[PDB]
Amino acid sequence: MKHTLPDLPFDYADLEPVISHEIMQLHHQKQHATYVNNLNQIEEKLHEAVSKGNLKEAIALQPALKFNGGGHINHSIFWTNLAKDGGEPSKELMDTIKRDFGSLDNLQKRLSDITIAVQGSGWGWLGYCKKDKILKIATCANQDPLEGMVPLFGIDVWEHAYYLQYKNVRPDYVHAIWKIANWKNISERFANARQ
């Protein structure tokens, strides 16, 4: 059934002064809405190509499904990842961060750095690799969804996520976003990934 724009868990100004009201409103009401609308259109066209046996057409649609489907996935997670009252990591998550990265401080630095270094548009991720039972960090280009691991915490470093407030200074945004990291949600995602 059809994809829909999820309501945010908070009002558009609830993350000030870390993320502005204007940024939240445009990012949700315009950017994410566009990914959803275009996603529904692409899924229709793909369902038609598959039904008709138009293999070339079905292949040709893949980048648009990845882009808009990834936009939907990534943003949906991102809204659940942000809070004014984020709390602290669960003990078990905190313990695993210490095991895999040494400390939360190291994790935040190492993820901030790779996220900061993204060339162009993309995302930084903290994820959980089920196979090897370890936390990992990665970046993704554009809206490519995080693959090979379960997403826990995402940082959108598309210039739309920060330019209106932080201008060119991407590092100020990436460092500041940790202050609104929704650790309750991130810990819930970690618990589910270990099931």
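Residue positions are given as counts along the sequence shown, with the first one as 1.
Here the stretch with the larger average CA B-factor, out of 44-52 and 66-74, is 44-52.
Judged by mean Cα B factor in the deposited record, 132-140 ranks above the other of 132-140 and 55-63.
Ranked by Cα temperature factor within the chain, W79 sits in the middle third according to the deposited record. The PDB entry assigns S112 a C-alpha temperature factor belonging to the middle third of its chain's modelled residues.
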